[PDB]
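Only one structure is covered here, and it is reproduced in the block below.
Next up, the structure:
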């Protein structure tokens, strides 16, 4: 018999070990004091990637022979419906495995124990019916629009002091982006500087390049041009200007290298040109400006369409950047974030991305549950009764699944800056009482009414995680006759 | 000549160790709650090969120095007559070796113990034409088409939580396939996503490739072109040099030649009404612009295995140089289209006039467990083809094995000297199988042995090992049956294979390399 | 992904060691007795670079595996806003790590302590707004212009013999600079010549080139031509040239020899291979021009006429562009004995140039010499006991961090630091804002009389930077770098 | 390596060690239950050779420094005269060295003992004409063709279950081979598919090659063409340089010349009706297209040994340049087809007018054991031809050996001791064969030797060792007899082979080793 064939302690052990390694990096990731991690791999890579977004980093690397890559793969499917909030789904699945060592002690066919997954099914649907849910989300909405879930996504981030304001801003972006238009060209970049808003909302696309030191500082009623013996050269210079002056051209964007002679002309003319502009920015721009047909210098007049509300290069603080705004279409937009400048700040890139996808499905699902772990504690109180009442080893299955839910309250609290045991202690009493609105308040250090906060979780997050968490655990109970394995 | 010299007992030890190692990995697999395990090999494979079928996994890799690969090789010949169901045959041979320690204490000649192997042929009587087996297999059959044996083969396999449905599907595939044709062009692939059914049973042949973004979405009344030689043209055997030509107007001569190559492809193609072009290799860029405007869909670097299968299905192609079109090419016309299965974009060839060959498509939840379907798929194809045309089956769950065991113990004493001891050791070899079935179950093996024997001795052949139950039950209610053929060949298989292990050192042939 | 992984107690230690190593090198660089440090590297380094200014040397090199480069990187953003004065911000951030040993003694959760940083948010108020004052820096100002902060800024620098005079000069530059809105046109170079003044203030831009050992010395009502393309034909250049009255030609590249004979007879001074960077500033200065082919003259070119001449300075002969109409851009020229200490001036100026531009805009400053530093410590001690407690242990620890600064300033000076710290606190608690550490005295004295003051901006930004940067350290692992192994 | 450091008596030891090493390996080979051995070597070999025939493996390899190959080399001359049957002669020679230890304490002139070999001719002239004999074998013969000695040759080999049937087949092969025509063109190969018969008789020659994917599947009324020179054209007597052409304009002239080679082959081909072309070497690509359209099957790189044999079979041909077709070549037109032996593909040439040369194809149930058939077949082919030609035989199963042993023991003692001691040592040497026959039989050796001697001493020549019985039985009833020639020349040759052993040490083959 060839190859390494493992199922029993052998499969379970490897599954066990894969889950424990992932949980330690991820646990610090969740909540207000969530920690940013940068990964550098020695060999076959040359830089450190900053991602404290659990979904993004896990997808990127297939580090070991032990099983975990497939478990990792299913999270992204989750991340398109809701996906986000905080990365808690992976952590819960991992701890479920730890009780399995206890299971070897009971030394029997563990498949009967598989009933825990059945238990997961009732518990999953139970949280889909029991408690209070939002009835709002009218469309546009005066202020139930945000200050809610994005804030919870933001809760996972330290930057959430001035930032909670920024989170509010993201819904304005979604309100403009809904209906017939698809969830297309959305661009966000953080910047160096300090103001009350700590962010500006553009009515257009944001780019980072400059023609040269010479040229007009900014342009208004702007026109945009996008392009795919020495005396003879001058003819190229003049044709450009002759076509240029009549239009009133204010800005030129070129995907590739730009010839030096025209640069001189642009400065005097009052026209801003961009050398080697990135192609991806351009495609988003075409949808935004109304598009144009890009070919040879014949491109001018009406083959070119150009929006003109306002194009300017503005110092936001440290580094100069160029702002395109006021697109007539409204389908494609850009949001500019600001911060104190840290890896923790790059964390915000995750948060907003997390926020845009969630609202798209918030209107479509018309269903939500309370955030801050309110949903999770309530399920736990109900499941505890269930374990003892049922007969057999089935009860063992049911009891272990129930205690898994305990960690979410603990994980949010641990990164809070407050002691988890007391938190776990106080939290359970409130939820048991039958008070659904009450949950974990990171800001107050204890428990409070999150309805006021407005924090809510989208309906899709609870149903996909609970059913799919099974892969981590199914491997555990296929059989447990305990023989070999190759631990790590 | 060439060291590694072993004889008698020294030879037995290398042999003895190989048999014990194989049994523990394979033991887990047998029965309704069997085992599926993930294989990593590193350096030359770089992926997870989790295999349920003992036969499939054993053939793929020759892991170590001790001899066992040859014993493994023999199982496939058994498979190419049926040798599947649930893997049990390898285990019987392994336990044969344990009695050998007993044999040294015997103090007789060890090589007429070997004559015991002819006894194994005699043992064939116990499992052959002994006990009623099955009825049915009318042809096309309304309800006996499946939900029987495939389900049991699958029962030992984990995938059966959703795969038991897949198993039912496979006989539909055999009904279309069976006839004087024999067994060709059955193409089956696994998909990285899907629905509850987890399989879609396509009308014809399924391939996954696209010409490029520019080109028409569908073609109908389709013509198919297959070429041995690529579209690419230039260098030949001898470059003649990397060239620049002596002036301005001769550069044009080389450029012009490329245009002709374009011209031949369009002129021949348009008359035929060419809907799709499939080439097993690199495709030259110039023709690609042409195909888009024409309304023709081409496939770059199509796999040769897919192409040959397609040729049988379409009606064949004579694959030569650009003269290849019109009648040297036989094109079947129905529909060729690129469709999305439910996730990834694939191209479907269907509506084949021949009808001889068909394609099965599988879908899943994206895990190690999903790749399980790929291996189990191979396992399923073998069971169903044989079950319908052999018109014979035996009760599963080890029911057949215990009944045989009761009769064999009696036989050894009955014979006189030399014949008696050899045959008895073979007889006890049947006893481990009941134990192996129960052990993977998660239920107590010792309890199982005494209760099991009592039901078989009594005469009720239906009773067997019920893993779901944890005790002994009625096998027939389950619908668990084993192909008749697996038992007939295994008895012959075990006899020749078991003593291979008793004579060992390092056995021959592979085919000259 | 692989990497090197450290967490909670072990990760903190690596952070701990990086902070302590930096503080010892930087501590010697504070106040009138600051020590000059010299460094050498091989590969992309050409020669020994010696920098008093902590920010300049730290930015240049990421020497080893331990984490510290990002903390270091941050100080420069502060520098554009102000940064300098004396390097102390790095020291305060470093010492806050010492209380971490105390945190293990706490034995619970390091995150809760982090609340003190919020308490610091309350700060940047009580430090300077309240407690210590400076009422002045009204605008331009007759005598508070200098003989103040620059002297302290240069105190850390050994140059301060002749150099303190140089420092006085720097505030004159700010006065012209203030009004329009922002800094982006100041150029500073050092010369190999020597004089008591040790510096000349140029009303325009300074460049170091000559046409050749021929051509007129002086041009009048000068017109300036800048060309993108090289001169590498004779008649076209002269015909266009004569009509303009062309006094000087500057080309950013190789120049062709035939033209050169013509320029001398005409009475036109040309510059060969003038650096592009100098030219770009000149364009803003002179109104700019479009530097095209030989169609360049007349209208596409703009020229500023005042005085362009070659004048010897000390030893070397330099060419002076001056009298710019715009007024936005100005050039500072420094001269000295000619030693690594002289190069120290290059390090030293990027410590005073930035401060002054900011001094007019803030309209606020604080007394220097650590006067602000001890007073803030007295105020913060009260805060720890008043806040109920979680925010208190953390807050008290921050307060004691301020105690080291008085000690570091004294240590540099050549006096017993504890005695110094001791005498210092009594004067600050008294209510006299002006009183501070007088290193020359060896005791405490009136900071205002010898003039030292610190920009308001340095203290308010540092509080935000030192604190927030320090907390990222406890949670952050690996830090951006190559890290093979 | 310089000085061996062995002295006079120890010189004897090197001979002594060589004899003991060889006897154990050959020991399993003898008698109805024998073991098959596989050898693996690195250094100018290939992949594992398996030899049941002791003579074949010993002859092929010069493994080590001690003397033995010269003894070994001798067995082949025996093989031409008779050879095979079972390998026993090597075993007896090795045994005689064991008594030499007894001889050292026998403070007696060792060379006198040599006279034993002088009287070893007594075994030579006494075994001959005083025991058994065969007098039949008329020619072809209805039942004496086999089911005799070949079965005995096979008996030494375990395969005797399915295999004894195969041995019977071999005589059919010898009968067709007999007449005034010569010993030419015999070829045997095995197939990996199971059948009870395990063999098929092919009327013609078997080869395994094909023209390509295109071409008619089979041909009928076939004409065969063999070429001494390759289809490839360019080199000629004078190369014309290794050039090509300075552009692609002038490339056309060279290409045109190629077409003429294509034309000559078709013109000559069509008139003849040519159905198959066989060439021993590389085949040029251009003609390949021609053959497919014409309907002619050609073979690329055909092996020369098969070809030469084929020529005798087809009536032959004169192979030279392309002038070679029509009358210069003679072809046999019965049937040439590529047929699948239910498994691995191969091509069959059949219906030869000459009848002089024929080929045997064997099929295997599934094991190492049927490569054994290659091993076994060689033994069966040679033995039967000898039985008819010699017109003499002796009883098998060791019947001959015990009788002679009884006769030898009396002569030594009753003659003068100088000639007596030598003779007596020789006598007990014959004793081991009875022991080895029983040893591989399955019964205790001690009991067997004892019961054996009493029956032979009494006077029944027919009685011998019945391995199936485990005791002594009537040899004649089982039909086992040994060719008279195997006994006749072994006694003479063994006597002169053993003599070279005691006196001479170091000896071996060629240098580099």
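Protein chains in written order, with the UniProt record's numbering: chain H, 14 to 241, 267 to 526; chain R, 14 to 526; chain C, 14 to 245, 274 to 526; chain B, 14 to 526.
Every residue gets a Cβ at the ideal spot worked out from N, C-alpha and C, and that includes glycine.
Q: Could you spell out where the alpha helix (DSSP H) holding residue 330 of chain C opens and where it closes?
A: It is not in any alpha helix (DSSP H) - residue 330 of chain C carries neither H nor E in the DSSP assignment.
Q: Step through the CB atoms of chain R and report whether any lies within less than 7 Å of the CB of residue 80 of chain H.
A: yes
Q: Measure the beta-carbon distance from residue 390 of chain B to residue 375 of chain B and round it to whole angstroms, keeping in mind my assumption that it falls under 8 Å.
A: With a Cβ gap of about 7 Å, residue 390 of chain B and residue 375 of chain B count as contacting.
Q: Taking 8 Å as the threshold, find out whether the stretch 405-414 of chain B comes into contact with the stretch 375-389 of chain B through three or more Cβ pairs.
A: Contact check between the stretch 405-414 of chain B and the stretch 375-389 of chain B: fewer than three CB pairs, one atom from each, fall below 8 Å, which does not count as touching.
Q. Is it the case that the Cβ atoms of residue 418 of chain R and residue 444 of chain R are separated by a distance below 7 Å?
A. Yes.
Q) Are residue 356 of chain B and residue 141 of chain B closer than 7 Å when you measure CB to CB? A) no
Q: Spatial neighbours of residue 310 of chain B within its chain, please: CB distance less than 6 Å, with the 5 preceding and 5 following residues excluded, ordered by chain position.
A: 224, 228, 232, 289
Q.
List, in chain order, every chain R residue whose beta-carbon is nearer than 9 Å to that of residue 92 of chain H.
A. The premise fails here: residue 92 of chain H is roughly 14 Å from chain R at the closest Cβ pair, so nothing lies under 9 Å.
Q) residue 302 of chain H touches chain C at which residues, Cβ-Cβ below 9 Å? A) 241, 331, 332, 333, 341
Q | Bridge partner(s) assigned by DSSP for residue 35 of chain C | A | Beta-bridge pairing links residue 35 of chain C to no other residue.
Q. Which residue's Cα is closest to the Cα of residue 162 of chain R: R:503, R:73, R:499?
A. R:499
Q) Name the chain C residues that come within less than 9 Å of residue 49 of chain H, Cβ to Cβ? A) 513, 516, 517, 518
**Q.** Inter-residue spacing [alpha-carbon to alpha-carbon] between residue 476 of chain H and residue 166 of chain C
**A.** The alpha-carbon atoms of residue 476 of chain H and residue 166 of chain C are separated by roughly 57 Å.
Q: Grab me the residues of residue 80 of chain R's own chain with a C-beta within less than 8 Å of its C-beta, minus the 5 sequence neighbours each way, in chain order.
A: 27, 28, 31, 514, 517, 518, 519, 520
Q | Separation of residue 92 of chain R from residue 139 of chain R, as counted between CA atoms | A | 21 Å
Q: Go through its chain and collect everything with a Cβ distance to residue 394 of chain B's Cβ below 8 Å, but skip five positions before and after it.
A: Excluding residues within five positions, the ones whose Cβ falls inside 8 Å are 183, 186, 187, 199.
(Q) Tell me the DSSP secondary structure of residue 292 of chain B in three-state form. (A) strand
**Q.** Outcome for residue 401 of chain B when other beta-carbon atoms lying within 10 angstroms are tallied against a minimum of 16
**A.** buried
(Q) Counting only Cβ pairs nearer than 8 Å, list the residues of chain H close to residue 229 of chain C. (A) Within chain H, no residue comes near residue 229 of chain C; the closest Cβ sits about 30 Å away, beyond 8 Å.
Q) Relative to the ligand MG, is the shortest distance from any of its heavy atoms to the C-beta of residue 123 of chain H smaller than 6 Å? A) The ligand MG is not part of this structure, which contains no ligands at all.
Q: Look up residue 136 of chain H in the DSSP assignment and say whether it is helix, strand or coil.
A: helix
Q) Are any of the Cβ atoms in chain C nearer than 7 Å to that of residue 464 of chain H? A) no
Q: Note down the Cα distance separating residue 298 of chain R from residue 313 of chain R, rounded to an integer number of angstroms.
A: 10 Å
**Q.** Cβ-based burial, residue 487 of chain H [other Cβ within 10 Å; buried from 16]
**A.** exposed
(Q) On the CB-based measure, 16 or more other CB atoms within 10 Å of its CB, does residue 54 of chain C come out buried or exposed? (A) exposed
Q.
Please classify residue 149 of chain H as buried or exposed, where buried requires at least 16 neighbouring CB atoms within 10 angstroms.
A. exposed
Q: Write down every uninterrupted run of the beta strand (DSSP E) in the stretch 180-213 of chain B whose length is 3 residues or greater and which is fully enclosed by it, in chain order.
A: Taken in chain order, the unbroken stretches of beta strand (DSSP E) that lie wholly in the stretch 180-213 of chain B and span 3 residues or more are 201-204.
**Q.** residue 424 of chain R and residue 447 of chain R closer than 7 Å at C-beta
**A.** Not closer than 7 Å, so no.
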